[PDB]
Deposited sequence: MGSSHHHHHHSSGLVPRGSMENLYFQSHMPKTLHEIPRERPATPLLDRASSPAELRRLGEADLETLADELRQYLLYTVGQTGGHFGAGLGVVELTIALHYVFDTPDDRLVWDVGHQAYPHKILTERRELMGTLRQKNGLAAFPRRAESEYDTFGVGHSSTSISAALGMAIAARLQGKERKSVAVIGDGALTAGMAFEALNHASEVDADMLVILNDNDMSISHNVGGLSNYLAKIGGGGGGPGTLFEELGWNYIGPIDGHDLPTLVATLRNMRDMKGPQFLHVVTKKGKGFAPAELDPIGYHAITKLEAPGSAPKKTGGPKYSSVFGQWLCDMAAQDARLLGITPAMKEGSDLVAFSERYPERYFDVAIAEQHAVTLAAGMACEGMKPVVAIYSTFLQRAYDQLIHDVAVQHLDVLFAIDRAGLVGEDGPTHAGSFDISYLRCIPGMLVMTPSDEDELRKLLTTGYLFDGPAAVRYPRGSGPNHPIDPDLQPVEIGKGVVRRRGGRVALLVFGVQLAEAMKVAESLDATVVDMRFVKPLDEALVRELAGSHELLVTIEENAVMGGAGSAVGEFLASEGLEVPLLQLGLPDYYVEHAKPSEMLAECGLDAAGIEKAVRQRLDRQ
């Protein structure tokens, strides 16, 4: 495709210009906007289907509300490409999700029309409420509007926000963008009720057709000046306007521009262990596709649990299953495990319950940017007593360490990144490895590289030119102290490498052990720096952070 002809959209580069068009033009503007959207997303890749579902709703909102003075908050923000296109950024969409281009989601630093950097779901009601409370105290006459999906509304913090808005009699509008969809279909008790609020203290209106610009513009006009907590139920269709996205809402949730993934390796381990042990239970907070429980859910429907977007519940539910003697596996991205932290600590680890966490998207995740980076799980997990914390270096180690944490009688974490690995051979057996034991991959001298994770291949390259010792550390928390102690006595430099924050990370565990035993060897900690890495392709981000061979080699040489 090439740049579609869109003369009307070209007269609506900002809400004020859009607000100078006539209602008779909005209908045509929608077709134009859908065309430009389809065009640019095909040029760069990105999220697709949900943006198409809110083209009409996004036009109406900027037409009826005094944005940017009126505050508009988008939940998740993956459906916000139309919003960006109408807020001075249409002509920059060709840079979307590229280094130094537009970010994946609304970002305050990127435009005055983005009230709240989003990425994680279910924060919009809370943020809109806070803006509304502040606006009221300062006597401003601002509208506060939150657009939340029926999937994002399943999170507990959205219930908390709706309860609190009722309490403070907040003048805000919550717009429920109900399209019956999540990434997968929306499965949950609330989804069933949405198919068929006022009790909670909200003035409910709708449902209305979210693709009826005349109705949308009239409904919004009326609700725009009503007082107190207002709730508009709108019904949209994911992929509206593109036939094969309407047919395939899951596949067209996001598209690419016009060796097995680690998550696939996890999924076959899950199926293989389930065939061998009837105790296994697989849990995901609405990420069946991403974490890849697809086969598992089809082959063992009775042992598969999609808890919706409820990371907290996912974890405490696993704890309860562990009380009865089952073996739950919580599949969760490193960034989303931040939201279940208290359940991991209080309900699982304090009780030393037997729960395995399969921590995907560990490290840098690329175009989705810093809201989704898996930068912290080794730091936040390893300070927790009882936690077995593991960092596989390739597909085969992922399988083995899954097996090892699974069989371990206690809470265990295996983290691994998005994408593929060095494509080494995978042993089909299902046997564990000894806990707390590293593996020496290269016997060298002078400098030793203690690798926790998938930088091992890069460290081996470094090691051929330096003749370094290379250790495939497998465990962070049950640290292999004996190995570290001998390495510290036989080398002049220990170098730790990890795709995790340097502060509090795996290298610091080595450092703590060094300090406690009075071992005086020099130590160089390589890992993620103390700032939020800007979106780019994963290799660009790794290079920026010095976690490619060139970066590792340079830092090692300069230390020596």
- Task: Map the modelled residues onto the deposited sequence and report the uncovered stretches in sequence order.
- Result: 1-37, 234-244, 307-317, 620-622
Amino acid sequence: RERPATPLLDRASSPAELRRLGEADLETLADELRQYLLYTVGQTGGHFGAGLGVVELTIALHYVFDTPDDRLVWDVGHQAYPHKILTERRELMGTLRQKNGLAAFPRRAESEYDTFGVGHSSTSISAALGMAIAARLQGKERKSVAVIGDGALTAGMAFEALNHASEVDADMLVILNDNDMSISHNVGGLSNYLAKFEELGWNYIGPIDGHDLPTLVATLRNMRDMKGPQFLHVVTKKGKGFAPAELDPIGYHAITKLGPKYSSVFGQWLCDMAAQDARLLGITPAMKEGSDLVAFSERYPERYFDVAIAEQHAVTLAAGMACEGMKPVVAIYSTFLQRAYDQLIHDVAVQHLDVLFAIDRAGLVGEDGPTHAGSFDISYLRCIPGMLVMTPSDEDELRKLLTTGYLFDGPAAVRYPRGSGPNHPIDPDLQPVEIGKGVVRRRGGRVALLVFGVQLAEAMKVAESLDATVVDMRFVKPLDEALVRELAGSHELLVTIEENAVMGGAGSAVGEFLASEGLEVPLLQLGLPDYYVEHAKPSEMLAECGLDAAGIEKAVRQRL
From here on, numbers count along this sequence of modelled residues.
- Per the entry, higher mean C-alpha B factor between 103-111 and 448-456: 103-111
- Query: Do the CA atoms of 199-207 or those of 472-480 have the higher mean B-factor in the entry?
  - Reply: 199-207
- Query: Of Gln338, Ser122, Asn186, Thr371, which one's C-alpha B factor is largest in the deposited record?
  - Reply: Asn186
- In terms of CA temperature factor as recorded, identify the highest of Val41, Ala515, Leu523, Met503. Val41
- Note on the structure: Sorting the chain's modelled residues by C-alpha B-factor and splitting them into thirds places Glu492 in the middle
- Message: Considering every modelled residue of the chain and its Cα B-factor in the PDB entry, is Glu397 in the lowest, middle or highest third?
- Response: lowest
- Task: Please rank the C-alpha B-factors of the chain's modelled residues and tell me whether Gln276 sits in the lowest, middle or highest third.
- Result: middle
- Assert third(CA B-factor, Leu213) within chain per record equals highest
- Message: How does the C-alpha B factor of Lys227 compare with the rest of the chain: lowest, middle or highest third?
- Response: highest
